[PDB]
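structure.cif (mmCIF, N, CA and C atoms and all ligand atoms)
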```cif
data_entry
loop_
_atom_site.label_atom_id
_atom_site.label_comp_id
_atom_site.auth_asym_id
_atom_site.auth_seq_id
_atom_site.Cartn_x
_atom_site.Cartn_y
_atom_site.Cartn_z
N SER M 1 81.53 121.16 88.07
CA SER M 1 80.40 120.46 87.40
C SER M 1 79.09 121.08 87.86
N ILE M 2 78.24 121.46 86.90
CA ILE M 2 77.03 122.19 87.22
C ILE M 2 75.85 121.53 86.56
N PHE M 3 74.67 121.86 87.06
CA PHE M 3 73.43 121.36 86.53
C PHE M 3 72.68 122.48 85.87
N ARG M 4 72.27 122.23 84.63
CA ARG M 4 71.43 123.13 83.86
C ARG M 4 70.07 122.48 83.57
N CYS M 5 69.07 123.30 83.31
CA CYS M 5 67.79 122.82 82.85
C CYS M 5 67.99 122.12 81.52
N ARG M 6 67.53 120.90 81.46
CA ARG M 6 67.67 120.09 80.27
C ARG M 6 66.95 120.66 79.03
N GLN M 7 65.89 121.42 79.25
CA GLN M 7 65.04 121.94 78.17
C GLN M 7 65.58 123.23 77.59
N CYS M 8 66.23 124.05 78.38
CA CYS M 8 66.70 125.33 77.86
C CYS M 8 68.11 125.76 78.20
N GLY M 9 68.76 125.06 79.12
CA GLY M 9 70.10 125.40 79.50
C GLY M 9 70.28 126.34 80.65
N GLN M 10 69.19 126.84 81.25
CA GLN M 10 69.27 127.72 82.40
C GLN M 10 70.14 127.09 83.50
N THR M 11 71.01 127.89 84.07
CA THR M 11 71.89 127.47 85.17
C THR M 11 71.06 127.23 86.43
N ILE M 12 71.15 126.05 87.04
CA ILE M 12 70.28 125.73 88.18
C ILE M 12 71.05 125.42 89.45
N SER M 13 72.00 124.51 89.40
CA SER M 13 72.68 124.13 90.64
C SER M 13 74.05 123.56 90.33
N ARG M 14 74.72 123.03 91.34
CA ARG M 14 76.08 122.51 91.19
C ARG M 14 76.17 121.20 91.92
N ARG M 15 77.05 120.34 91.46
CA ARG M 15 77.29 119.11 92.20
C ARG M 15 77.78 119.35 93.66
N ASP M 16 78.58 120.40 93.84
CA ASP M 16 79.04 120.82 95.18
C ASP M 16 77.90 121.10 96.14
N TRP M 17 76.70 121.39 95.61
CA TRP M 17 75.57 121.78 96.43
C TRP M 17 74.61 120.64 96.78
N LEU M 18 74.94 119.42 96.38
CA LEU M 18 74.14 118.28 96.77
C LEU M 18 74.08 118.18 98.31
N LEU M 19 72.96 117.71 98.82
CA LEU M 19 72.67 117.61 100.25
C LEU M 19 72.18 116.19 100.60
N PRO M 20 72.91 115.45 101.44
CA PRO M 20 72.40 114.12 101.83
C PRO M 20 71.28 114.13 102.88
N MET M 21 70.06 114.48 102.48
CA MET M 21 68.89 114.47 103.38
C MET M 21 68.56 113.04 103.76
N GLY M 22 68.42 112.79 105.06
CA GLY M 22 68.22 111.44 105.59
C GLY M 22 69.29 110.41 105.20
N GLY M 23 70.52 110.87 104.95
CA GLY M 23 71.62 109.98 104.57
C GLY M 23 71.93 109.83 103.08
N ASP M 24 71.06 110.32 102.19
CA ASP M 24 71.27 110.11 100.76
C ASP M 24 70.78 111.34 100.01
N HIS M 25 71.54 111.80 99.02
CA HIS M 25 71.03 112.92 98.21
C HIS M 25 69.88 112.47 97.28
N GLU M 26 69.80 111.17 96.95
CA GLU M 26 68.76 110.61 96.07
C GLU M 26 67.59 109.96 96.81
N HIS M 27 66.37 110.35 96.45
CA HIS M 27 65.13 109.82 97.01
C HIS M 27 64.16 109.50 95.86
N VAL M 28 63.69 108.25 95.77
CA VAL M 28 62.74 107.88 94.74
C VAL M 28 61.34 107.84 95.33
N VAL M 29 60.45 108.64 94.77
CA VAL M 29 59.18 108.95 95.41
C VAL M 29 58.07 109.02 94.38
N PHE M 30 56.83 108.89 94.85
CA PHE M 30 55.68 109.03 93.99
C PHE M 30 54.72 110.07 94.58
N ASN M 31 54.07 110.82 93.71
CA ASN M 31 53.03 111.76 94.13
C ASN M 31 51.62 111.10 94.06
N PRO M 32 50.56 111.82 94.46
CA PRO M 32 49.23 111.18 94.44
C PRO M 32 48.68 110.85 93.05
N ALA M 33 49.24 111.48 92.02
CA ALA M 33 48.94 111.17 90.63
C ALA M 33 49.74 109.99 90.08
N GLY M 34 50.51 109.34 90.94
CA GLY M 34 51.24 108.15 90.60
C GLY M 34 52.53 108.39 89.82
N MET M 35 52.96 109.64 89.72
CA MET M 35 54.18 109.99 89.00
C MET M 35 55.36 109.66 89.91
N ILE M 36 56.34 108.95 89.35
CA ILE M 36 57.56 108.61 90.01
C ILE M 36 58.58 109.70 89.73
N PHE M 37 59.32 110.10 90.76
CA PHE M 37 60.39 111.07 90.58
C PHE M 37 61.61 110.54 91.29
N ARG M 38 62.76 110.69 90.62
CA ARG M 38 64.04 110.48 91.25
C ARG M 38 64.55 111.87 91.62
N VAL M 39 64.50 112.18 92.91
CA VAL M 39 64.68 113.51 93.43
C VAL M 39 66.09 113.54 94.01
N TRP M 40 66.86 114.58 93.64
CA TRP M 40 68.14 114.86 94.27
C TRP M 40 67.99 116.09 95.12
N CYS M 41 68.44 116.00 96.37
CA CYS M 41 68.36 117.10 97.30
C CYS M 41 69.60 117.99 97.15
N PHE M 42 69.35 119.29 97.10
CA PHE M 42 70.39 120.29 97.01
C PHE M 42 70.19 121.31 98.13
N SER M 43 71.30 121.81 98.67
CA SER M 43 71.21 122.85 99.67
C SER M 43 70.81 124.18 99.03
N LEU M 44 71.18 124.37 97.76
CA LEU M 44 71.04 125.64 97.08
C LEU M 44 70.70 125.39 95.62
N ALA M 45 70.02 126.34 95.03
CA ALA M 45 69.78 126.34 93.58
C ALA M 45 69.46 127.74 93.19
N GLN M 46 69.52 128.01 91.90
CA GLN M 46 69.23 129.35 91.37
C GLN M 46 68.50 129.16 90.07
N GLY M 47 68.02 130.26 89.49
CA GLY M 47 67.42 130.19 88.16
C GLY M 47 66.03 129.58 88.11
N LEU M 48 65.44 129.32 89.27
CA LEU M 48 64.12 128.76 89.37
C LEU M 48 63.12 129.88 89.57
N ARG M 49 61.85 129.52 89.45
CA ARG M 49 60.73 130.34 89.85
C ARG M 49 59.84 129.50 90.76
N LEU M 50 59.70 129.93 92.01
CA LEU M 50 58.91 129.19 92.99
C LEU M 50 57.50 129.72 92.93
N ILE M 51 56.52 128.83 92.76
CA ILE M 51 55.15 129.25 92.45
C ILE M 51 54.22 128.85 93.58
N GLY M 52 53.36 129.79 93.96
CA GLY M 52 52.29 129.50 94.91
C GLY M 52 52.77 129.55 96.33
N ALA M 53 51.91 129.12 97.23
CA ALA M 53 52.23 129.17 98.65
C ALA M 53 52.62 127.76 99.08
N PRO M 54 53.42 127.64 100.14
CA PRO M 54 53.85 126.31 100.59
C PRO M 54 52.71 125.43 101.06
N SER M 55 52.86 124.13 100.85
CA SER M 55 51.90 123.14 101.27
C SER M 55 52.58 121.97 101.95
N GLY M 56 52.02 121.45 103.03
CA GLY M 56 52.54 120.23 103.68
C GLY M 56 51.90 118.96 103.10
N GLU M 57 50.91 119.11 102.24
CA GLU M 57 50.11 117.97 101.75
C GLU M 57 50.98 116.98 101.00
N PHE M 58 50.97 115.73 101.44
CA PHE M 58 51.75 114.65 100.85
C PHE M 58 53.26 114.90 100.78
N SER M 59 53.80 115.71 101.67
CA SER M 59 55.22 116.00 101.64
C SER M 59 56.02 114.74 101.86
N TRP M 60 57.02 114.55 101.01
CA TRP M 60 57.90 113.41 101.08
C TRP M 60 58.96 113.58 102.16
N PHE M 61 59.09 114.78 102.74
CA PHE M 61 60.13 115.02 103.72
C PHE M 61 59.47 115.55 104.99
N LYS M 62 59.60 114.75 106.04
CA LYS M 62 58.94 115.01 107.32
C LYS M 62 59.29 116.38 107.84
N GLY M 63 58.29 117.18 108.17
CA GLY M 63 58.54 118.53 108.70
C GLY M 63 58.60 119.64 107.67
N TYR M 64 58.61 119.32 106.38
CA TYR M 64 58.74 120.36 105.34
C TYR M 64 57.52 120.53 104.49
N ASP M 65 57.27 121.80 104.16
CA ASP M 65 56.22 122.20 103.26
C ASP M 65 56.92 122.48 101.94
N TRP M 66 56.22 122.24 100.84
CA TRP M 66 56.83 122.41 99.54
C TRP M 66 56.14 123.44 98.71
N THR M 67 56.93 124.01 97.81
CA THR M 67 56.42 124.88 96.76
C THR M 67 57.00 124.33 95.46
N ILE M 68 56.19 124.35 94.41
CA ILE M 68 56.65 123.92 93.10
C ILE M 68 57.75 124.87 92.59
N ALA M 69 58.81 124.28 92.04
CA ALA M 69 59.90 125.05 91.47
C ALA M 69 59.93 124.79 89.97
N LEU M 70 59.74 125.85 89.20
CA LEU M 70 59.87 125.80 87.77
C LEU M 70 61.20 126.38 87.35
N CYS M 71 61.67 125.95 86.19
CA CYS M 71 62.77 126.66 85.54
C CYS M 71 62.28 128.07 85.31
N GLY M 72 63.06 129.03 85.80
CA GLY M 72 62.69 130.44 85.64
C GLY M 72 62.71 130.91 84.21
N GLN M 73 63.44 130.20 83.37
CA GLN M 73 63.57 130.57 81.99
C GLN M 73 62.45 129.96 81.14
N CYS M 74 62.29 128.63 81.17
CA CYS M 74 61.36 127.95 80.25
C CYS M 74 60.07 127.44 80.89
N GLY M 75 59.98 127.46 82.21
CA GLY M 75 58.78 127.02 82.89
C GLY M 75 58.68 125.51 83.12
N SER M 76 59.69 124.73 82.72
CA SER M 76 59.71 123.29 82.98
C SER M 76 59.66 123.05 84.49
N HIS M 77 58.88 122.07 84.90
CA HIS M 77 58.83 121.71 86.29
C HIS M 77 60.11 120.98 86.69
N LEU M 78 60.97 121.63 87.48
CA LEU M 78 62.23 121.02 87.86
C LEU M 78 62.27 120.37 89.24
N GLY M 79 61.30 120.68 90.09
CA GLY M 79 61.22 120.08 91.39
C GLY M 79 60.47 120.94 92.36
N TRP M 80 60.98 121.02 93.56
CA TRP M 80 60.31 121.69 94.67
C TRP M 80 61.32 122.40 95.54
N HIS M 81 60.88 123.49 96.17
CA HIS M 81 61.60 124.09 97.28
C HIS M 81 60.88 123.66 98.57
N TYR M 82 61.67 123.22 99.53
CA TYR M 82 61.13 122.77 100.82
C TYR M 82 61.47 123.80 101.86
N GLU M 83 60.52 124.10 102.74
CA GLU M 83 60.75 125.09 103.81
C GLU M 83 59.94 124.71 105.03
N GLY M 84 60.17 125.40 106.14
CA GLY M 84 59.34 125.24 107.33
C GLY M 84 59.79 124.13 108.26
N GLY M 85 60.89 123.49 107.94
CA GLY M 85 61.38 122.41 108.74
C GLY M 85 62.56 122.79 109.58
N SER M 86 63.40 121.81 109.87
CA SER M 86 64.56 122.00 110.72
C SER M 86 65.76 121.19 110.30
N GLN M 87 66.90 121.81 110.43
CA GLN M 87 68.16 121.19 110.12
C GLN M 87 68.22 120.44 108.77
N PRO M 88 68.10 121.16 107.65
CA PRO M 88 68.03 122.62 107.52
C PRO M 88 66.60 123.10 107.46
N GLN M 89 66.38 124.37 107.65
CA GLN M 89 65.03 124.94 107.52
C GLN M 89 64.45 124.75 106.10
N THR M 90 65.31 124.89 105.10
CA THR M 90 64.95 124.88 103.70
C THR M 90 65.97 124.09 102.86
N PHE M 91 65.52 123.57 101.72
CA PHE M 91 66.42 122.94 100.72
C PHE M 91 65.62 122.75 99.42
N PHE M 92 66.28 122.28 98.36
CA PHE M 92 65.59 122.04 97.08
C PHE M 92 65.61 120.55 96.78
N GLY M 93 64.49 120.02 96.29
CA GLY M 93 64.46 118.66 95.78
C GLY M 93 64.24 118.75 94.29
N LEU M 94 65.26 118.42 93.50
CA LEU M 94 65.18 118.59 92.06
C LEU M 94 65.07 117.23 91.36
N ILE M 95 64.32 117.21 90.29
CA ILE M 95 64.08 116.00 89.51
C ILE M 95 65.30 115.73 88.60
N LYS M 96 66.04 114.68 88.92
CA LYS M 96 67.34 114.44 88.29
C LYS M 96 67.28 114.42 86.74
N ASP M 97 66.30 113.76 86.20
CA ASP M 97 66.27 113.59 84.74
C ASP M 97 65.76 114.84 84.02
N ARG M 98 65.41 115.91 84.75
CA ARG M 98 65.13 117.21 84.13
C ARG M 98 66.30 118.15 84.11
N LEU M 99 67.46 117.68 84.57
CA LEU M 99 68.69 118.44 84.59
C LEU M 99 69.69 117.84 83.63
N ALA M 100 70.64 118.65 83.20
CA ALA M 100 71.79 118.19 82.43
C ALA M 100 73.05 118.61 83.17
N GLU M 101 74.00 117.69 83.30
CA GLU M 101 75.24 117.96 84.00
C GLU M 101 76.33 118.27 83.01
N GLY M 102 77.16 119.25 83.34
CA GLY M 102 78.25 119.61 82.46
C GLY M 102 79.25 120.55 83.09
N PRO M 103 80.24 121.01 82.29
CA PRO M 103 81.33 121.78 82.87
C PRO M 103 80.89 123.17 83.35
N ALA M 104 81.49 123.62 84.42
CA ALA M 104 81.37 124.99 84.88
C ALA M 104 82.15 125.87 83.91
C1 LIG E 1 51.72 119.30 91.08
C2 LIG E 1 52.75 118.35 91.65
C3 LIG E 1 53.58 117.67 90.58
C4 LIG E 1 52.90 118.16 92.97
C5 LIG E 1 53.75 117.14 93.61
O1 LIG E 1 54.13 116.13 93.03
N1 LIG E 1 54.08 117.38 94.89
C6 LIG E 1 55.01 116.54 95.59
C7 LIG E 1 55.99 117.30 96.49
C8 LIG E 1 56.05 116.46 97.74
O2 LIG E 1 56.90 116.48 98.60
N2 LIG E 1 55.03 115.54 97.69
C9 LIG E 1 54.30 115.60 96.54
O3 LIG E 1 53.26 115.00 96.30
ZN ZN E 2 64.41 125.54 81.40
#
```
Could I get this file's structure written as structure tokens?
Amino acid sequence: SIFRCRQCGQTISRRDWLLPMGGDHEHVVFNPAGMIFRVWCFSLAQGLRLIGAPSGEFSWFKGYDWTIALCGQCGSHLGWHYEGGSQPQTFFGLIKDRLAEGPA
């Protein structure tokens, strides 16, 4: 079972790659613009384009800096890559409702 970009079908991640950060792969969070995201943490993802330099500002995950992750194919905002932390150093937080799940 794999996750594709809902807008264009780009291959992004797999159910096998889910990561229970702080005990749960799912985290419901809001940014400073008041947008709610249901974020699923993954150890790995592909097919993204990470934009800009990392920032710790308003990070939802203690110890991690984030970079915006777009679908590399269509440019849809799919979530964030997190880095600079520990155990693990890096991971992806993807917006669940921007993905489509289906057969490998
Ligand atoms: C431009 C956007 C859409 C930024 C954003 O929402 N950043 C998240 C990432 C994070 O961990 N905390 C935030 O506020
Ligand atoms: Zn896409």
List as an mmCIF file with N, CA and C atoms, in the frame of the given file the protein and nucleic acid residues near residue M:94, meaning an atom at most 6.5 Å away when only N, CA and C atoms are counted, but skip any in the same chain fewer than 6 places from it.
```cif
data_model
loop_
_atom_site.group_PDB
_atom_site.id
_atom_site.type_symbol
_atom_site.label_atom_id
_atom_site.label_comp_id
_atom_site.auth_asym_id
_atom_site.auth_seq_id
_atom_site.Cartn_x
_atom_site.Cartn_y
_atom_site.Cartn_z
ATOM 1 N N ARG M 38 62.760 110.690 90.620
ATOM 2 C CA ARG M 38 64.040 110.480 91.250
ATOM 3 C C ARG M 38 64.550 111.870 91.620
ATOM 4 N N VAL M 39 64.500 112.180 92.910
ATOM 5 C CA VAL M 39 64.680 113.510 93.430
ATOM 6 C C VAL M 39 66.090 113.540 94.010
ATOM 7 N N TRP M 40 66.860 114.580 93.640
ATOM 8 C CA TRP M 40 68.140 114.860 94.270
ATOM 9 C C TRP M 40 67.990 116.090 95.120
ATOM 10 N N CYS M 41 68.440 116.000 96.370
ATOM 11 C CA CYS M 41 68.360 117.100 97.300
ATOM 12 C C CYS M 41 69.600 117.990 97.150
ATOM 13 N N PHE M 42 69.350 119.290 97.100
ATOM 14 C CA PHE M 42 70.390 120.290 97.010
ATOM 15 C C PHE M 42 70.190 121.310 98.130
ATOM 16 N N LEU M 78 60.970 121.630 87.480
ATOM 17 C CA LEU M 78 62.230 121.020 87.860
ATOM 18 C C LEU M 78 62.270 120.370 89.240
ATOM 19 N N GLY M 79 61.300 120.680 90.090
ATOM 20 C CA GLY M 79 61.220 120.080 91.390
ATOM 21 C C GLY M 79 60.470 120.940 92.360
ATOM 22 N N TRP M 80 60.980 121.020 93.560
ATOM 23 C CA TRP M 80 60.310 121.690 94.670
ATOM 24 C C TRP M 80 61.320 122.400 95.540
#
```
Worksheet item: Using only N, CA and C atoms, which residues sit within 8 Å of residue M:56 once same-chain residues fewer than 4 positions away are excluded, as number ranges by chain?
Response: M: 60, 63-67
Can I get the selected residues back with N, CA and C atoms, as an mmCIF file, keeping the file's coordinate frame?
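The resulting file, again09.cif, is shown below:
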```cif
data_model
loop_
_atom_site.group_PDB
_atom_site.id
_atom_site.type_symbol
_atom_site.label_atom_id
_atom_site.label_comp_id
_atom_site.auth_asym_id
_atom_site.auth_seq_id
_atom_site.Cartn_x
_atom_site.Cartn_y
_atom_site.Cartn_z
ATOM 1 N N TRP M 60 57.020 114.550 101.010
ATOM 2 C CA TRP M 60 57.900 113.410 101.080
ATOM 3 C C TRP M 60 58.960 113.580 102.160
ATOM 4 N N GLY M 63 58.290 117.180 108.170
ATOM 5 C CA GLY M 63 58.540 118.530 108.700
ATOM 6 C C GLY M 63 58.600 119.640 107.670
ATOM 7 N N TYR M 64 58.610 119.320 106.380
ATOM 8 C CA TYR M 64 58.740 120.360 105.340
ATOM 9 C C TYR M 64 57.520 120.530 104.490
ATOM 10 N N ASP M 65 57.270 121.800 104.160
ATOM 11 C CA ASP M 65 56.220 122.200 103.260
ATOM 12 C C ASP M 65 56.920 122.480 101.940
ATOM 13 N N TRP M 66 56.220 122.240 100.840
ATOM 14 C CA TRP M 66 56.830 122.410 99.540
ATOM 15 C C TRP M 66 56.140 123.440 98.710
ATOM 16 N N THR M 67 56.930 124.010 97.810
ATOM 17 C CA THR M 67 56.420 124.880 96.760
ATOM 18 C C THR M 67 57.000 124.330 95.460
#
```
Discussion item. Neighbouring residues of stretch 19-28 of chain M were defined as those with any atom within 12 Å, considering only C-alpha atoms; residues of the same chain fewer than 4 positions away were excluded. Please report them as a PyMOL selection string.
Written reply: chain M and resi 13-15+35-45+60-62+64+82+86-97
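Atom CA of residue M:58 to atom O1 of ligand LIG 1 (chain E) spans 8.3 Å [interatomic distance, one decimal].
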Practice prompt. Please indicate the distance in Å from atom C of residue M:31 to atom C of residue M:74, rounded to one decimal place.
Written response: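 Separation between atom C of residue M:31 and atom C of residue M:74: 22.6 Å.
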Worksheet entry | Nearest to ligand ZN 2 (chain E), chosen from M:52, M:47, M:75, M:34, with only N, CA and C atoms and all ligand atoms counted in the distances |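 Selected residue with least distance to ligand ZN 2 (chain E): M:75.
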Item to complete: Step one, run DSSP on the backbone; step two, keep only residues of chain M assigned to helix (DSSP H, G or I); then write them as a list in words.
Response: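 So the helix (DSSP H, G or I) residues in chain M would be residues 15, 16, 17, 21, 22, 23, 96, 97 and 98 of chain M.
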Discussion item. Quick check, in Å to one decimal: how far apart do atom N of residue M:49 and atom CA of residue M:69 lie?
Written reply: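 These two atoms are separated by 5.3 Å.
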I'd like a table as a tab-separated table: residues in chain M with an atom no more than 7 Å from ligand ZN 2 (chain E), each row giving the shortest atom pair and its distance in Å to one decimal, only C-alpha atoms and all ligand atoms counted, sorted by chain and rising residue number.
```
residue	atom	partner	partner_atom	distance
M:5	CA	E:ZN2	ZN	4.6
M:6	CA	E:ZN2	ZN	6.5
M:7	CA	E:ZN2	ZN	4.9
M:8	CA	E:ZN2	ZN	4.2
M:9	CA	E:ZN2	ZN	6.0
M:10	CA	E:ZN2	ZN	5.4
M:71	CA	E:ZN2	ZN	4.6
M:72	CA	E:ZN2	ZN	6.7
M:73	CA	E:ZN2	ZN	5.1
M:74	CA	E:ZN2	ZN	4.1
M:75	CA	E:ZN2	ZN	6.0
M:76	CA	E:ZN2	ZN	5.4
```
Worksheet entry | Pick from M:2, M:53, M:12, M:68, whichever lies nearest to ligand LIG 1 (chain E) using all atoms listed in the file | M:68
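For the set M:1, M:77, M:11, M:46, the residue with the smallest atom-to-atom gap to ligand LIG 1 (chain E) is M:77, counting all atoms listed in the file.
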Discussion item. So that I can check the secondary structure, give me every residue of chain M assigned strand (DSSP E) by backbone DSSP, as a PyMOL selection string.
Written reply: chain M and resi 2-5+11-14+26-30+36-42+48-55+65-71+77-83+91-95+99-102
Those selected residues, please, written with N, CA and C atoms and delivered as a short mmCIF file (atom, residue, chain, number, x, y, z; two decimals), in the frame of the given file.
```cif
data_model
loop_
_atom_site.label_atom_id
_atom_site.label_comp_id
_atom_site.auth_asym_id
_atom_site.auth_seq_id
_atom_site.Cartn_x
_atom_site.Cartn_y
_atom_site.Cartn_z
N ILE M 2 78.24 121.46 86.90
CA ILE M 2 77.03 122.19 87.22
C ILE M 2 75.85 121.53 86.56
N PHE M 3 74.67 121.86 87.06
CA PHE M 3 73.43 121.36 86.53
C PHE M 3 72.68 122.48 85.87
N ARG M 4 72.27 122.23 84.63
CA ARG M 4 71.43 123.13 83.86
C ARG M 4 70.07 122.48 83.57
N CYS M 5 69.07 123.30 83.31
CA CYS M 5 67.79 122.82 82.85
C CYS M 5 67.99 122.12 81.52
N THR M 11 71.01 127.89 84.07
CA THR M 11 71.89 127.47 85.17
C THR M 11 71.06 127.23 86.43
N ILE M 12 71.15 126.05 87.04
CA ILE M 12 70.28 125.73 88.18
C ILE M 12 71.05 125.42 89.45
N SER M 13 72.00 124.51 89.40
CA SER M 13 72.68 124.13 90.64
C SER M 13 74.05 123.56 90.33
N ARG M 14 74.72 123.03 91.34
CA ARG M 14 76.08 122.51 91.19
C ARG M 14 76.17 121.20 91.92
N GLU M 26 69.80 111.17 96.95
CA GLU M 26 68.76 110.61 96.07
C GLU M 26 67.59 109.96 96.81
N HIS M 27 66.37 110.35 96.45
CA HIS M 27 65.13 109.82 97.01
C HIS M 27 64.16 109.50 95.86
N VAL M 28 63.69 108.25 95.77
CA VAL M 28 62.74 107.88 94.74
C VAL M 28 61.34 107.84 95.33
N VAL M 29 60.45 108.64 94.77
CA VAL M 29 59.18 108.95 95.41
C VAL M 29 58.07 109.02 94.38
N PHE M 30 56.83 108.89 94.85
CA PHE M 30 55.68 109.03 93.99
C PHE M 30 54.72 110.07 94.58
N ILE M 36 56.34 108.95 89.35
CA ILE M 36 57.56 108.61 90.01
C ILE M 36 58.58 109.70 89.73
N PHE M 37 59.32 110.10 90.76
CA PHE M 37 60.39 111.07 90.58
C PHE M 37 61.61 110.54 91.29
N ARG M 38 62.76 110.69 90.62
CA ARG M 38 64.04 110.48 91.25
C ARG M 38 64.55 111.87 91.62
N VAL M 39 64.50 112.18 92.91
CA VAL M 39 64.68 113.51 93.43
C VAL M 39 66.09 113.54 94.01
N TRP M 40 66.86 114.58 93.64
CA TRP M 40 68.14 114.86 94.27
C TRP M 40 67.99 116.09 95.12
N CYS M 41 68.44 116.00 96.37
CA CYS M 41 68.36 117.10 97.30
C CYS M 41 69.60 117.99 97.15
N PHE M 42 69.35 119.29 97.10
CA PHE M 42 70.39 120.29 97.01
C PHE M 42 70.19 121.31 98.13
N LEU M 48 65.44 129.32 89.27
CA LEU M 48 64.12 128.76 89.37
C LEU M 48 63.12 129.88 89.57
N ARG M 49 61.85 129.52 89.45
CA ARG M 49 60.73 130.34 89.85
C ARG M 49 59.84 129.50 90.76
N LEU M 50 59.70 129.93 92.01
CA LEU M 50 58.91 129.19 92.99
C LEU M 50 57.50 129.72 92.93
N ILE M 51 56.52 128.83 92.76
CA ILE M 51 55.15 129.25 92.45
C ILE M 51 54.22 128.85 93.58
N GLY M 52 53.36 129.79 93.96
CA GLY M 52 52.29 129.50 94.91
C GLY M 52 52.77 129.55 96.33
N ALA M 53 51.91 129.12 97.23
CA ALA M 53 52.23 129.17 98.65
C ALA M 53 52.62 127.76 99.08
N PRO M 54 53.42 127.64 100.14
CA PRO M 54 53.85 126.31 100.59
C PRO M 54 52.71 125.43 101.06
N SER M 55 52.86 124.13 100.85
CA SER M 55 51.90 123.14 101.27
C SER M 55 52.58 121.97 101.95
N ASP M 65 57.27 121.80 104.16
CA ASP M 65 56.22 122.20 103.26
C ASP M 65 56.92 122.48 101.94
N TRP M 66 56.22 122.24 100.84
CA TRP M 66 56.83 122.41 99.54
C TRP M 66 56.14 123.44 98.71
N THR M 67 56.93 124.01 97.81
CA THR M 67 56.42 124.88 96.76
C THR M 67 57.00 124.33 95.46
N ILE M 68 56.19 124.35 94.41
CA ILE M 68 56.65 123.92 93.10
C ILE M 68 57.75 124.87 92.59
N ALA M 69 58.81 124.28 92.04
CA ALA M 69 59.90 125.05 91.47
C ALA M 69 59.93 124.79 89.97
N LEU M 70 59.74 125.85 89.20
CA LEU M 70 59.87 125.80 87.77
C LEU M 70 61.20 126.38 87.35
N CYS M 71 61.67 125.95 86.19
CA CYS M 71 62.77 126.66 85.54
C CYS M 71 62.28 128.07 85.31
N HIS M 77 58.88 122.07 84.90
CA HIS M 77 58.83 121.71 86.29
C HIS M 77 60.11 120.98 86.69
N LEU M 78 60.97 121.63 87.48
CA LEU M 78 62.23 121.02 87.86
C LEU M 78 62.27 120.37 89.24
N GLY M 79 61.30 120.68 90.09
CA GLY M 79 61.22 120.08 91.39
C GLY M 79 60.47 120.94 92.36
N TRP M 80 60.98 121.02 93.56
CA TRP M 80 60.31 121.69 94.67
C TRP M 80 61.32 122.40 95.54
N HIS M 81 60.88 123.49 96.17
CA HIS M 81 61.60 124.09 97.28
C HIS M 81 60.88 123.66 98.57
N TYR M 82 61.67 123.22 99.53
CA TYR M 82 61.13 122.77 100.82
C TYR M 82 61.47 123.80 101.86
N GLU M 83 60.52 124.10 102.74
CA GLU M 83 60.75 125.09 103.81
C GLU M 83 59.94 124.71 105.03
N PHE M 91 65.52 123.57 101.72
CA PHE M 91 66.42 122.94 100.72
C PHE M 91 65.62 122.75 99.42
N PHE M 92 66.28 122.28 98.36
CA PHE M 92 65.59 122.04 97.08
C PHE M 92 65.61 120.55 96.78
N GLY M 93 64.49 120.02 96.29
CA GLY M 93 64.46 118.66 95.78
C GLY M 93 64.24 118.75 94.29
N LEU M 94 65.26 118.42 93.50
CA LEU M 94 65.18 118.59 92.06
C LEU M 94 65.07 117.23 91.36
N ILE M 95 64.32 117.21 90.29
CA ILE M 95 64.08 116.00 89.51
C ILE M 95 65.30 115.73 88.60
N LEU M 99 67.46 117.68 84.57
CA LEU M 99 68.69 118.44 84.59
C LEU M 99 69.69 117.84 83.63
N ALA M 100 70.64 118.65 83.20
CA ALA M 100 71.79 118.19 82.43
C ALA M 100 73.05 118.61 83.17
N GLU M 101 74.00 117.69 83.30
CA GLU M 101 75.24 117.96 84.00
C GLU M 101 76.33 118.27 83.01
N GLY M 102 77.16 119.25 83.34
CA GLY M 102 78.25 119.61 82.46
C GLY M 102 79.25 120.55 83.09
#
```
Practice prompt. Considering only C-alpha atoms and all ligand atoms, state which residue in the set M:18, M:59, M:54, M:84 is at the smallest distance from ligand LIG 1 (chain E).
Written response: M:59
Item to complete: Rank nothing, just name the residue among M:85, M:4, M:29, M:17 nearest to ligand LIG 1 (chain E), using all atoms listed in the file.
Response: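 Answer, going by the shortest atom-to-atom distance: M:29.
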Item to complete: Go through M:16, M:57, M:83, M:70 one by one, measure the shortest atom-to-atom distance of each to ligand LIG 1 (chain E) using only C-alpha atoms and all ligand atoms, and give the residue with the smallest value.
Response: M:57
